[PDB]
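Source file query.cif; content: mmCIF, C-alpha atoms and all ligand atoms; chains and numbers go by the auth columns.
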data_model
#
loop_
_atom_site.group_PDB
_atom_site.id
_atom_site.type_symbol
_atom_site.label_atom_id
_atom_site.label_comp_id
_atom_site.label_asym_id
_atom_site.label_seq_id
_atom_site.Cartn_x
_atom_site.Cartn_y
_atom_site.Cartn_z
_atom_site.B_iso_or_equiv
_atom_site.auth_seq_id
_atom_site.auth_asym_id
ATOM 1 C CA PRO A 1 -16.146 -9.337 -25.132 0.00 2 R
ATOM 2 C CA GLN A 2 -15.907 -10.782 -21.654 0.00 3 R
ATOM 3 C CA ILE A 3 -13.469 -13.545 -20.809 0.00 4 R
ATOM 4 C CA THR A 4 -13.852 -16.048 -17.984 0.00 5 R
ATOM 5 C CA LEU A 5 -10.617 -17.234 -16.398 0.00 6 R
ATOM 6 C CA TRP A 6 -11.107 -21.003 -16.584 0.00 7 R
ATOM 7 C CA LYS A 7 -8.322 -21.009 -19.201 0.00 8 R
ATOM 8 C CA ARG A 8 -5.354 -18.624 -19.647 0.00 9 R
ATOM 9 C CA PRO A 9 -6.663 -15.379 -21.224 0.00 10 R
ATOM 10 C CA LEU A 10 -4.707 -15.636 -24.448 0.00 11 R
ATOM 11 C CA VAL A 11 -5.469 -13.411 -27.382 0.00 12 R
ATOM 12 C CA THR A 12 -4.017 -12.637 -30.786 0.00 13 R
ATOM 13 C CA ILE A 13 -1.812 -9.552 -31.074 0.00 14 R
ATOM 14 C CA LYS A 14 -0.055 -7.926 -33.992 0.00 15 R
ATOM 15 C CA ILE A 15 3.353 -6.301 -33.336 0.00 16 R
ATOM 16 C CA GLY A 16 5.985 -5.332 -35.894 0.00 17 R
ATOM 17 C CA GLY A 17 3.520 -6.655 -38.576 0.00 18 R
ATOM 18 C CA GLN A 18 3.619 -10.161 -37.020 0.00 19 R
ATOM 19 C CA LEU A 19 0.717 -12.039 -35.426 0.00 20 R
ATOM 20 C CA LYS A 20 1.452 -13.626 -32.081 0.00 21 R
ATOM 21 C CA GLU A 21 -0.387 -14.926 -29.018 0.00 22 R
ATOM 22 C CA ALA A 22 -0.235 -13.099 -25.705 0.00 23 R
ATOM 23 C CA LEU A 23 -1.648 -13.231 -22.208 0.00 24 R
ATOM 24 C CA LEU A 24 -3.940 -10.497 -20.893 0.00 25 R
ATOM 25 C CA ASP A 25 -2.285 -9.908 -17.537 0.00 26 R
ATOM 26 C CA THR A 26 -3.763 -7.645 -14.871 0.00 27 R
ATOM 27 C CA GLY A 27 -0.903 -8.548 -12.541 0.00 28 R
ATOM 28 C CA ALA A 28 1.766 -7.070 -14.886 0.00 29 R
ATOM 29 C CA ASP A 29 2.610 -3.400 -14.831 0.00 30 R
ATOM 30 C CA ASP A 30 4.346 -3.643 -18.221 0.00 31 R
ATOM 31 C CA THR A 31 4.028 -5.427 -21.563 0.00 32 R
ATOM 32 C CA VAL A 32 6.785 -7.953 -22.265 0.00 33 R
ATOM 33 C CA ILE A 33 7.182 -9.677 -25.621 0.00 34 R
ATOM 34 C CA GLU A 34 9.527 -12.561 -26.455 0.00 35 R
ATOM 35 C CA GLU A 35 12.765 -11.926 -28.314 0.00 36 R
ATOM 36 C CA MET A 36 12.002 -10.670 -31.829 0.00 37 R
ATOM 37 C CA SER A 37 13.310 -8.326 -34.435 0.00 38 R
ATOM 38 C CA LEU A 38 11.434 -5.064 -33.824 0.00 39 R
ATOM 39 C CA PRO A 39 12.378 -1.816 -35.589 0.00 40 R
ATOM 40 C CA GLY A 40 12.703 1.260 -33.456 0.00 41 R
ATOM 41 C CA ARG A 41 15.091 2.816 -30.950 0.00 42 R
ATOM 42 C CA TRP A 42 15.375 1.149 -27.561 0.00 43 R
ATOM 43 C CA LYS A 43 17.220 1.284 -24.262 0.00 44 R
ATOM 44 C CA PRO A 44 18.215 -1.412 -21.743 0.00 45 R
ATOM 45 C CA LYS A 45 16.008 -1.974 -18.690 0.00 46 R
ATOM 46 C CA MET A 46 15.574 -4.532 -15.950 0.00 47 R
ATOM 47 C CA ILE A 47 12.085 -5.753 -15.145 0.00 48 R
ATOM 48 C CA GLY A 48 11.048 -7.959 -12.272 0.00 49 R
ATOM 49 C CA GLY A 49 8.736 -10.828 -11.603 0.00 50 R
ATOM 50 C CA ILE A 50 8.796 -13.944 -9.456 0.00 51 R
ATOM 51 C CA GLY A 51 12.267 -15.454 -9.803 0.00 52 R
ATOM 52 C CA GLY A 52 13.951 -12.065 -9.962 0.00 53 R
ATOM 53 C CA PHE A 53 14.633 -9.601 -12.802 0.00 54 R
ATOM 54 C CA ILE A 54 15.499 -9.964 -16.470 0.00 55 R
ATOM 55 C CA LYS A 55 17.230 -7.557 -18.826 0.00 56 R
ATOM 56 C CA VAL A 56 15.014 -6.345 -21.689 0.00 57 R
ATOM 57 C CA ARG A 57 14.972 -3.828 -24.511 0.00 58 R
ATOM 58 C CA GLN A 58 12.553 -0.939 -23.792 0.00 59 R
ATOM 59 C CA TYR A 59 10.850 0.422 -26.931 0.00 60 R
ATOM 60 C CA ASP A 60 8.660 3.488 -26.454 0.00 61 R
ATOM 61 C CA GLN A 61 5.749 4.453 -28.691 0.00 62 R
ATOM 62 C CA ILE A 62 5.231 1.083 -30.348 0.00 63 R
ATOM 63 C CA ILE A 63 1.988 0.500 -32.241 0.00 64 R
ATOM 64 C CA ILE A 64 0.429 -2.814 -31.288 0.00 65 R
ATOM 65 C CA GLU A 65 -2.980 -4.390 -31.919 0.00 66 R
ATOM 66 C CA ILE A 66 -4.498 -6.417 -29.143 0.00 67 R
ATOM 67 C CA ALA A 67 -7.549 -8.553 -29.951 0.00 68 R
ATOM 68 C CA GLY A 68 -8.458 -6.074 -32.673 0.00 69 R
ATOM 69 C CA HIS A 69 -7.852 -2.969 -30.570 0.00 70 R
ATOM 70 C CA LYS A 70 -5.113 -0.551 -31.477 0.00 71 R
ATOM 71 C CA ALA A 71 -2.784 0.673 -28.750 0.00 72 R
ATOM 72 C CA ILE A 72 0.429 2.712 -28.706 0.00 73 R
ATOM 73 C CA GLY A 73 2.846 2.524 -25.851 0.00 74 R
ATOM 74 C CA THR A 74 5.922 1.011 -24.321 0.00 75 R
ATOM 75 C CA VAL A 75 6.836 -2.560 -25.161 0.00 76 R
ATOM 76 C CA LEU A 76 9.617 -4.477 -23.501 0.00 77 R
ATOM 77 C CA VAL A 77 11.367 -7.167 -25.583 0.00 78 R
ATOM 78 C CA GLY A 78 13.431 -9.879 -23.914 0.00 79 R
ATOM 79 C CA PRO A 79 13.595 -13.448 -22.753 0.00 80 R
ATOM 80 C CA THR A 80 10.181 -13.866 -21.258 0.00 81 R
ATOM 81 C CA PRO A 81 8.675 -17.397 -21.640 0.00 82 R
ATOM 82 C CA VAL A 82 5.206 -16.020 -22.568 0.00 83 R
ATOM 83 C CA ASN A 83 4.117 -12.765 -24.295 0.00 84 R
ATOM 84 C CA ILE A 84 2.385 -10.592 -21.669 0.00 85 R
ATOM 85 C CA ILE A 85 0.043 -7.619 -22.181 0.00 86 R
ATOM 86 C CA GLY A 86 0.217 -5.591 -18.961 0.00 87 R
ATOM 87 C CA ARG A 87 -1.692 -2.681 -17.530 0.00 88 R
ATOM 88 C CA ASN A 88 0.128 -0.011 -19.521 0.00 89 R
ATOM 89 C CA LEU A 89 -1.680 -1.296 -22.686 0.00 90 R
ATOM 90 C CA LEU A 90 -4.757 -2.929 -21.065 0.00 91 R
ATOM 91 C CA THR A 91 -5.858 0.527 -19.941 0.00 92 R
ATOM 92 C CA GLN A 92 -5.535 1.901 -23.433 0.00 93 R
ATOM 93 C CA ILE A 93 -7.857 -0.767 -24.858 0.00 94 R
ATOM 94 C CA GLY A 94 -10.423 -0.187 -22.106 0.00 95 R
ATOM 95 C CA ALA A 95 -10.041 -3.513 -20.321 0.00 96 R
ATOM 96 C CA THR A 96 -11.457 -3.869 -16.779 0.00 97 R
ATOM 97 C CA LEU A 97 -11.812 -6.593 -14.184 0.00 98 R
ATOM 98 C CA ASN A 98 -15.409 -7.250 -13.312 0.00 99 R
ATOM 99 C CA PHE A 99 -16.912 -9.428 -10.679 0.00 100 R
ATOM 100 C CA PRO B 1 -18.181 -4.230 -9.166 0.00 2 I
ATOM 101 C CA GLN B 2 -15.654 -3.055 -11.771 0.00 3 I
ATOM 102 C CA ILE B 3 -11.956 -2.506 -11.335 0.00 4 I
ATOM 103 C CA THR B 4 -10.077 -0.271 -13.791 0.00 5 I
ATOM 104 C CA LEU B 5 -6.348 -0.901 -14.266 0.00 6 I
ATOM 105 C CA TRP B 6 -4.731 2.556 -14.022 0.00 7 I
ATOM 106 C CA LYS B 7 -3.306 1.277 -10.693 0.00 8 I
ATOM 107 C CA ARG B 8 -2.403 -2.249 -9.522 0.00 9 I
ATOM 108 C CA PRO B 9 -5.679 -4.157 -8.747 0.00 10 I
ATOM 109 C CA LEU B 10 -4.847 -4.750 -5.062 0.00 11 I
ATOM 110 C CA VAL B 11 -7.470 -6.049 -2.678 0.00 12 I
ATOM 111 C CA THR B 12 -7.584 -7.077 0.971 0.00 13 I
ATOM 112 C CA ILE B 13 -7.555 -10.813 1.729 0.00 14 I
ATOM 113 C CA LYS B 14 -7.925 -12.857 4.906 0.00 15 I
ATOM 114 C CA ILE B 15 -5.847 -16.036 5.130 0.00 16 I
ATOM 115 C CA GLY B 16 -4.860 -17.985 8.269 0.00 17 I
ATOM 116 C CA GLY B 17 -6.831 -15.429 10.314 0.00 18 I
ATOM 117 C CA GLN B 18 -4.605 -12.551 9.070 0.00 19 I
ATOM 118 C CA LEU B 19 -5.315 -9.632 6.740 0.00 20 I
ATOM 119 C CA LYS B 20 -3.030 -9.142 3.802 0.00 21 I
ATOM 120 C CA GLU B 21 -3.033 -7.235 0.541 0.00 22 I
ATOM 121 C CA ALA B 22 -2.920 -9.128 -2.756 0.00 23 I
ATOM 122 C CA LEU B 23 -2.938 -8.544 -6.487 0.00 24 I
ATOM 123 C CA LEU B 24 -5.811 -9.821 -8.685 0.00 25 I
ATOM 124 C CA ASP B 25 -3.762 -11.453 -11.415 0.00 26 I
ATOM 125 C CA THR B 26 -5.288 -12.849 -14.584 0.00 27 I
ATOM 126 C CA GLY B 27 -1.814 -13.825 -15.853 0.00 28 I
ATOM 127 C CA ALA B 28 -1.172 -16.161 -12.917 0.00 29 I
ATOM 128 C CA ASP B 29 -2.314 -19.762 -12.939 0.00 30 I
ATOM 129 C CA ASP B 30 -1.849 -20.123 -9.182 0.00 31 I
ATOM 130 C CA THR B 31 -2.248 -18.131 -5.983 0.00 32 I
ATOM 131 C CA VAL B 32 1.059 -17.293 -4.256 0.00 33 I
ATOM 132 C CA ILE B 33 1.399 -15.770 -0.786 0.00 34 I
ATOM 133 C CA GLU B 34 4.442 -14.464 1.057 0.00 35 I
ATOM 134 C CA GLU B 35 6.097 -16.562 3.763 0.00 36 I
ATOM 135 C CA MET B 36 3.754 -17.101 6.692 0.00 37 I
ATOM 136 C CA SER B 37 2.947 -19.786 9.198 0.00 38 I
ATOM 137 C CA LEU B 38 -0.068 -21.554 7.784 0.00 39 I
ATOM 138 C CA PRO B 39 -1.521 -24.627 9.557 0.00 40 I
ATOM 139 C CA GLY B 40 -2.101 -27.759 7.553 0.00 41 I
ATOM 140 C CA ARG B 41 -0.578 -30.360 5.317 0.00 42 I
ATOM 141 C CA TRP B 42 1.570 -29.209 2.419 0.00 43 I
ATOM 142 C CA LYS B 43 3.983 -30.502 -0.191 0.00 44 I
ATOM 143 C CA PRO B 44 6.858 -28.807 -1.955 0.00 45 I
ATOM 144 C CA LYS B 45 6.542 -27.375 -5.467 0.00 46 I
ATOM 145 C CA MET B 46 8.456 -25.141 -7.838 0.00 47 I
ATOM 146 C CA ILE B 47 6.638 -22.482 -9.866 0.00 48 I
ATOM 147 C CA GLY B 48 7.979 -20.252 -12.579 0.00 49 I
ATOM 148 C CA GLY B 49 7.525 -16.806 -13.968 0.00 50 I
ATOM 149 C CA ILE B 50 9.464 -13.931 -15.424 0.00 51 I
ATOM 150 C CA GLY B 51 12.871 -14.259 -13.515 0.00 52 I
ATOM 151 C CA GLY B 52 12.722 -18.090 -13.184 0.00 53 I
ATOM 152 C CA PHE B 53 11.444 -20.353 -10.444 0.00 54 I
ATOM 153 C CA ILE B 54 10.797 -20.239 -6.751 0.00 55 I
ATOM 154 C CA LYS B 55 10.193 -23.091 -4.292 0.00 56 I
ATOM 155 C CA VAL B 56 6.843 -22.931 -2.536 0.00 57 I
ATOM 156 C CA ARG B 57 4.814 -24.960 -0.051 0.00 58 I
ATOM 157 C CA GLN B 58 1.570 -26.110 -1.677 0.00 59 I
ATOM 158 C CA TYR B 59 -1.433 -26.164 0.660 0.00 60 I
ATOM 159 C CA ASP B 60 -4.680 -27.596 -0.699 0.00 61 I
ATOM 160 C CA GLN B 61 -8.192 -26.806 0.510 0.00 62 I
ATOM 161 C CA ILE B 62 -7.326 -23.517 2.270 0.00 63 I
ATOM 162 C CA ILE B 63 -10.163 -21.266 3.331 0.00 64 I
ATOM 163 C CA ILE B 64 -9.475 -17.732 2.152 0.00 65 I
ATOM 164 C CA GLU B 65 -11.544 -14.535 1.787 0.00 66 I
ATOM 165 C CA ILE B 66 -10.769 -12.200 -1.123 0.00 67 I
ATOM 166 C CA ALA B 67 -12.342 -8.710 -1.172 0.00 68 I
ATOM 167 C CA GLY B 68 -15.277 -10.061 0.782 0.00 69 I
ATOM 168 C CA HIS B 69 -15.691 -13.221 -1.278 0.00 70 I
ATOM 169 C CA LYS B 70 -15.163 -16.648 0.227 0.00 71 I
ATOM 170 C CA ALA B 71 -13.082 -19.230 -1.547 0.00 72 I
ATOM 171 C CA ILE B 72 -11.511 -22.605 -0.763 0.00 73 I
ATOM 172 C CA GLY B 73 -8.578 -23.830 -2.784 0.00 74 I
ATOM 173 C CA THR B 74 -4.851 -24.239 -3.261 0.00 75 I
ATOM 174 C CA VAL B 75 -2.479 -21.591 -1.909 0.00 76 I
ATOM 175 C CA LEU B 76 1.274 -21.649 -2.556 0.00 77 I
ATOM 176 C CA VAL B 77 3.456 -20.089 0.158 0.00 78 I
ATOM 177 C CA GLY B 78 6.952 -18.849 -0.671 0.00 79 I
ATOM 178 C CA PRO B 79 9.230 -15.952 -1.520 0.00 80 I
ATOM 179 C CA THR B 80 7.044 -13.918 -3.819 0.00 81 I
ATOM 180 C CA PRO B 81 7.612 -10.181 -3.653 0.00 82 I
ATOM 181 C CA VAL B 82 3.839 -9.535 -3.962 0.00 83 I
ATOM 182 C CA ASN B 83 0.895 -11.693 -2.861 0.00 84 I
ATOM 183 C CA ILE B 84 -0.905 -12.910 -5.997 0.00 85 I
ATOM 184 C CA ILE B 85 -4.480 -14.158 -6.470 0.00 86 I
ATOM 185 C CA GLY B 86 -4.413 -16.272 -9.587 0.00 87 I
ATOM 186 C CA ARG B 87 -6.968 -17.942 -11.790 0.00 88 I
ATOM 187 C CA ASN B 88 -7.644 -20.890 -9.476 0.00 89 I
ATOM 188 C CA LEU B 89 -9.321 -18.470 -7.052 0.00 90 I
ATOM 189 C CA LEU B 90 -10.398 -15.691 -9.446 0.00 91 I
ATOM 190 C CA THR B 91 -12.827 -18.218 -11.006 0.00 92 I
ATOM 191 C CA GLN B 92 -14.350 -18.842 -7.571 0.00 93 I
ATOM 192 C CA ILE B 93 -14.912 -15.159 -6.799 0.00 94 I
ATOM 193 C CA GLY B 94 -16.460 -14.625 -10.223 0.00 95 I
ATOM 194 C CA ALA B 95 -13.868 -12.343 -11.850 0.00 96 I
ATOM 195 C CA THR B 96 -14.029 -11.780 -15.571 0.00 97 I
ATOM 196 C CA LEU B 97 -11.932 -9.669 -17.954 0.00 98 I
ATOM 197 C CA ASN B 98 -13.979 -7.211 -19.968 0.00 99 I
ATOM 198 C CA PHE B 99 -12.659 -5.354 -22.938 0.00 100 I
HETATM 199 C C1 LIG C . 2.810 -16.086 -9.999 0.00 201 O
HETATM 200 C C2 LIG C . 2.929 -17.302 -10.919 0.00 201 O
HETATM 201 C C3 LIG C . 1.794 -18.274 -10.635 0.00 201 O
HETATM 202 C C4 LIG C . 4.315 -17.631 -10.862 0.00 201 O
HETATM 203 N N1 LIG C . 2.707 -16.858 -12.286 0.00 201 O
HETATM 204 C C5 LIG C . 3.476 -15.993 -12.967 0.00 201 O
HETATM 205 O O1 LIG C . 4.399 -15.272 -12.606 0.00 201 O
HETATM 206 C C6 LIG C . 3.038 -15.853 -14.426 0.00 201 O
HETATM 207 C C7 LIG C . 4.198 -16.378 -15.261 0.00 201 O
HETATM 208 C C8 LIG C . 3.808 -16.300 -16.751 0.00 201 O
HETATM 209 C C9 LIG C . 4.911 -16.875 -17.646 0.00 201 O
HETATM 210 C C10 LIG C . 6.208 -16.005 -17.632 0.00 201 O
HETATM 211 C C11 LIG C . 5.760 -14.649 -18.176 0.00 201 O
HETATM 212 C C12 LIG C . 4.862 -14.049 -17.096 0.00 201 O
HETATM 213 C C13 LIG C . 3.543 -14.816 -17.098 0.00 201 O
HETATM 214 C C14 LIG C . 2.500 -14.242 -16.182 0.00 201 O
HETATM 215 N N2 LIG C . 2.752 -14.494 -14.788 0.00 201 O
HETATM 216 C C15 LIG C . 1.996 -13.715 -13.904 0.00 201 O
HETATM 217 C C16 LIG C . 2.223 -12.205 -13.960 0.00 201 O
HETATM 218 O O2 LIG C . 1.008 -11.473 -13.858 0.00 201 O
HETATM 219 C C17 LIG C . 3.281 -11.760 -12.961 0.00 201 O
HETATM 220 C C18 LIG C . 2.735 -11.857 -11.528 0.00 201 O
HETATM 221 C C19 LIG C . 3.647 -11.164 -10.578 0.00 201 O
HETATM 222 C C20 LIG C . 3.262 -9.909 -10.124 0.00 201 O
HETATM 223 C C21 LIG C . 4.036 -9.251 -9.204 0.00 201 O
HETATM 224 C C22 LIG C . 5.289 -9.756 -8.852 0.00 201 O
HETATM 225 C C23 LIG C . 5.629 -11.001 -9.287 0.00 201 O
HETATM 226 C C24 LIG C . 4.850 -11.741 -10.155 0.00 201 O
HETATM 227 N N3 LIG C . 3.715 -10.406 -13.248 0.00 201 O
HETATM 228 C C25 LIG C . 4.970 -10.092 -13.610 0.00 201 O
HETATM 229 O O3 LIG C . 5.835 -10.973 -13.784 0.00 201 O
HETATM 230 C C26 LIG C . 5.259 -8.617 -13.857 0.00 201 O
HETATM 231 C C27 LIG C . 6.100 -8.424 -15.071 0.00 201 O
HETATM 232 C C28 LIG C . 6.244 -6.923 -15.264 0.00 201 O
HETATM 233 N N4 LIG C . 7.304 -6.347 -15.016 0.00 201 O
HETATM 234 O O4 LIG C . 5.224 -6.292 -15.677 0.00 201 O
HETATM 235 N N5 LIG C . 5.800 -8.034 -12.602 0.00 201 O
HETATM 236 C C29 LIG C . 5.285 -6.959 -11.986 0.00 201 O
HETATM 237 O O5 LIG C . 4.408 -6.208 -12.617 0.00 201 O
HETATM 238 C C30 LIG C . 5.882 -6.649 -10.657 0.00 201 O
HETATM 239 C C31 LIG C . 5.356 -5.652 -9.855 0.00 201 O
HETATM 240 C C32 LIG C . 5.974 -5.421 -8.617 0.00 201 O
HETATM 241 C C33 LIG C . 7.176 -6.037 -8.268 0.00 201 O
HETATM 242 C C34 LIG C . 7.849 -5.711 -7.083 0.00 201 O
HETATM 243 C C35 LIG C . 9.043 -6.316 -6.838 0.00 201 O
HETATM 244 C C36 LIG C . 9.461 -7.362 -7.628 0.00 201 O
HETATM 245 C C37 LIG C . 8.895 -7.677 -8.801 0.00 201 O
HETATM 246 C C38 LIG C . 7.711 -6.998 -9.146 0.00 201 O
HETATM 247 N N6 LIG C . 7.058 -7.291 -10.308 0.00 201 O
HETATM 248 CL CL CL C . 12.375 3.106 -18.117 0.00 202 O
HETATM 249 CL CL CL C . -5.747 -3.709 -40.817 0.00 203 O
HETATM 250 CL CL CL C . 3.662 -15.732 10.200 0.00 204 O
HETATM 251 CL CL CL C . 0.018 -27.336 11.999 0.00 205 O
HETATM 252 NA NA NA C . -8.499 -11.435 -32.672 0.00 206 O
HETATM 253 NA NA NA C . -4.599 -32.365 -1.566 0.00 207 O
HETATM 254 NA NA NA C . -12.766 -2.062 -24.888 0.00 208 O
#
As structure tokens, how would this structure be written, given the file I've shared?
Amino acid sequence: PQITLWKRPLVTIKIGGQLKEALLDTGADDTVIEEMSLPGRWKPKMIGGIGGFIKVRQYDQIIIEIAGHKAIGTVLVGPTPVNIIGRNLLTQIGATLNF
Amino acid sequence: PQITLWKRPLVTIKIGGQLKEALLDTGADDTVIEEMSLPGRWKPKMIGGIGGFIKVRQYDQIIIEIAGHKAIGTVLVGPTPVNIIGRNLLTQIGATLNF
């Protein structure tokens, strides 16, 4: 599938067995998910955006499904306003920007 | 043209007669450029993202070139750490997300 950008590119994801909505974000290096209970070991990290940095929990090797595609990689969990799928997982699902 | 996402999707832009580098950002609603003198009328705005809000100057109807593509639209000028091309201009240059 090919998405225009007239609306936010929101898709369904599954993480921790839960369905959620998230933004496909080519401008994000990392994947940041809103506060949730997620099993697995983690470590503290800061991540930055406009407005400055926030403290998150970094979980490595998390299995996530993104619009039906399975990916495994690092997921950051913390007080983001919007769930973001960034380039570390967009590359694993084969997403590209075309134009 | 197809851009893979193993690295940040940075392109060259021309704005105000000056060349700059900017990120093609499907997760951004708006286009945000670092502090610069830009001629024209503007009005203040606040925009938000991962670390909170920043104040910007909103300029409408700015002529901009993005990776060789002309566009005319709203540019926000303020203390972003990275120049961002968001969906208001990605739709004009014909970008789509393919996965
Ligand atoms: C630019 C504006 C119009 C404000 N839009 C947004 O910021 C919306 C806000 C939405 C709701 C909150 C959750 C994020 C989403 C997506 N974003 C866009 C989104 O694409 C945003 C754009 C951006 C890129 C670079 C630097 C700053 C801002 N990316 C990000 O917020 C990601 C998050 C991350 N760590 O992966 N930041 C970066 O990948 C990133 C890269 C380089 C940096 C250098 C110094 C300082 C900060 C840096 N942040
Ligand atoms: Cl780390
Ligand atoms: Cl299944
Ligand atoms: Cl200047
Ligand atoms: Cl002027
Ligand atoms: Na789906
Ligand atoms: Na106007
Ligand atoms: Na794909």
Please, which residues in chain R fall within 8 Å of chain I when counting all atoms listed in the file, and what is the closest atom pair and distance in Å to one decimal for each, ordered by chain then residue number, as a Markdown table?
| residue | atom | partner | partner_atom | distance |
| --- | --- | --- | --- | --- |
| R:2 | CA | I:100 | CA | 5.7 |
| R:3 | CA | I:99 | CA | 4.4 |
| R:4 | CA | I:98 | CA | 5.1 |
| R:5 | CA | I:97 | CA | 4.9 |
| R:6 | CA | I:92 | CA | 5.9 |
| R:7 | CA | I:92 | CA | 6.5 |
| R:9 | CA | I:28 | CA | 7.1 |
| R:10 | CA | I:27 | CA | 7.2 |
| R:24 | CA | I:28 | CA | 6.4 |
| R:25 | CA | I:28 | CA | 6.4 |
| R:26 | CA | I:28 | CA | 4.3 |
| R:27 | CA | I:26 | CA | 5.1 |
| R:28 | CA | I:26 | CA | 4.2 |
| R:29 | CA | I:28 | CA | 7.7 |
| R:30 | CA | I:9 | CA | 7.4 |
| R:49 | CA | I:52 | CA | 6.7 |
| R:50 | CA | I:51 | CA | 5.0 |
| R:51 | CA | I:50 | CA | 5.5 |
| R:52 | CA | I:52 | CA | 3.9 |
| R:53 | CA | I:52 | CA | 4.3 |
| R:54 | CA | I:52 | CA | 5.0 |
| R:55 | CA | I:52 | CA | 5.8 |
| R:81 | CA | I:51 | CA | 5.9 |
| R:82 | CA | I:51 | CA | 7.2 |
| R:85 | CA | I:28 | CA | 7.9 |
| R:88 | CA | I:6 | CA | 6.0 |
| R:89 | CA | I:7 | CA | 7.8 |
| R:91 | CA | I:6 | CA | 7.3 |
| R:92 | CA | I:6 | CA | 5.9 |
| R:94 | CA | I:100 | CA | 6.9 |
| R:95 | CA | I:100 | CA | 5.7 |
| R:96 | CA | I:100 | CA | 4.1 |
| R:97 | CA | I:5 | CA | 4.9 |
| R:98 | CA | I:98 | CA | 4.9 |
| R:99 | CA | I:3 | CA | 4.5 |
| R:100 | CA | I:96 | CA | 4.4 |
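Counting all atoms listed in the file, the residue from R:23, R:76, R:67, R:14 that sits nearest to ligand NA 208 (chain O) is R:67.
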For this session: Output the residue selection produced by the PyMOL selection byres (((not hetatm)) within 7 of (chain O and resi 204)) on the file above, formatted as a VMD selection string.
Result: chain I and resid 36 to 38
For this session: For the structure provided, state which residues fall under the PyMOL selection byres (((chain I and resi 63) around 12) and not hetatm), and present them as a PyMOL selection string.
Result: chain I and resi 15-18+32+39-43+59-62+64-66+71-78+90
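Using only C-alpha atoms and all ligand atoms, the smallest distance between any of R:79, R:58, R:69, R:12 and ligand NA 208 (chain O) comes from R:69.
In terms of minimum interatomic distance to ligand NA 206 (chain O), R:13 ranks closest within R:84, R:13, R:45, R:21, counting all atoms listed in the file.
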For this session: Rounded to one decimal place, report the atom CA of residue R:47-atom CA of residue R:70 distance in Å.
Result: 27.7 Å
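For the atom pair formed by atom CA of residue I:44 and atom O1 of ligand LIG 201 (chain O), the distance is 19.7 Å, given to one decimal.
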N, CA and C atoms for stretch 52-66 of chain R, written as a JSON list (two decimals), in the frame of the given file, could you do that?
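Below is the file part.json, written as the result:
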[["chain", "number", "residue", "atom", "x", "y", "z"],
["R", 52, "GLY", "N", 11.02, -14.92, -9.26],
["R", 52, "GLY", "CA", 12.27, -15.45, -9.80],
["R", 52, "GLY", "C", 13.31, -14.36, -9.93],
["R", 53, "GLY", "N", 12.91, -13.09, -9.87],
["R", 53, "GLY", "CA", 13.95, -12.06, -9.96],
["R", 53, "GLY", "C", 13.69, -11.20, -11.19],
["R", 54, "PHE", "N", 14.74, -10.50, -11.65],
["R", 54, "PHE", "CA", 14.63, -9.60, -12.80],
["R", 54, "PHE", "C", 15.35, -10.10, -14.03],
["R", 55, "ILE", "N", 14.86, -9.68, -15.20],
["R", 55, "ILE", "CA", 15.50, -9.96, -16.47],
["R", 55, "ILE", "C", 15.82, -8.67, -17.19],
["R", 56, "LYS", "N", 16.87, -8.73, -18.02],
["R", 56, "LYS", "CA", 17.23, -7.56, -18.83],
["R", 56, "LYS", "C", 16.46, -7.58, -20.14],
["R", 57, "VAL", "N", 15.84, -6.43, -20.50],
["R", 57, "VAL", "CA", 15.01, -6.34, -21.69],
["R", 57, "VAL", "C", 15.40, -5.11, -22.49],
["R", 58, "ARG", "N", 14.85, -5.04, -23.70],
["R", 58, "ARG", "CA", 14.97, -3.83, -24.51],
["R", 58, "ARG", "C", 13.69, -3.01, -24.37],
["R", 59, "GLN", "N", 13.74, -1.78, -23.89],
["R", 59, "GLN", "CA", 12.55, -0.94, -23.79],
["R", 59, "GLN", "C", 12.34, -0.11, -25.03],
["R", 60, "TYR", "N", 11.23, -0.34, -25.76],
["R", 60, "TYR", "CA", 10.85, 0.42, -26.93],
["R", 60, "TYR", "C", 9.68, 1.31, -26.58],
["R", 61, "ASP", "N", 9.81, 2.60, -26.74],
["R", 61, "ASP", "CA", 8.66, 3.49, -26.45],
["R", 61, "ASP", "C", 7.89, 3.74, -27.74],
["R", 62, "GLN", "N", 6.62, 4.09, -27.60],
["R", 62, "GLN", "CA", 5.75, 4.45, -28.69],
["R", 62, "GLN", "C", 5.66, 3.43, -29.81],
["R", 63, "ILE", "N", 5.40, 2.16, -29.41],
["R", 63, "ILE", "CA", 5.23, 1.08, -30.35],
["R", 63, "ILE", "C", 3.74, 0.90, -30.60],
["R", 64, "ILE", "N", 3.38, 0.75, -31.85],
["R", 64, "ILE", "CA", 1.99, 0.50, -32.24],
["R", 64, "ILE", "C", 1.75, -1.00, -32.19],
["R", 65, "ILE", "N", 0.72, -1.39, -31.47],
["R", 65, "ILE", "CA", 0.43, -2.81, -31.29],
["R", 65, "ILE", "C", -1.06, -3.02, -31.39],
["R", 66, "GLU", "N", -1.55, -4.12, -31.94],
["R", 66, "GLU", "CA", -2.98, -4.39, -31.92],
["R", 66, "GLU", "C", -3.21, -5.59, -31.00]]
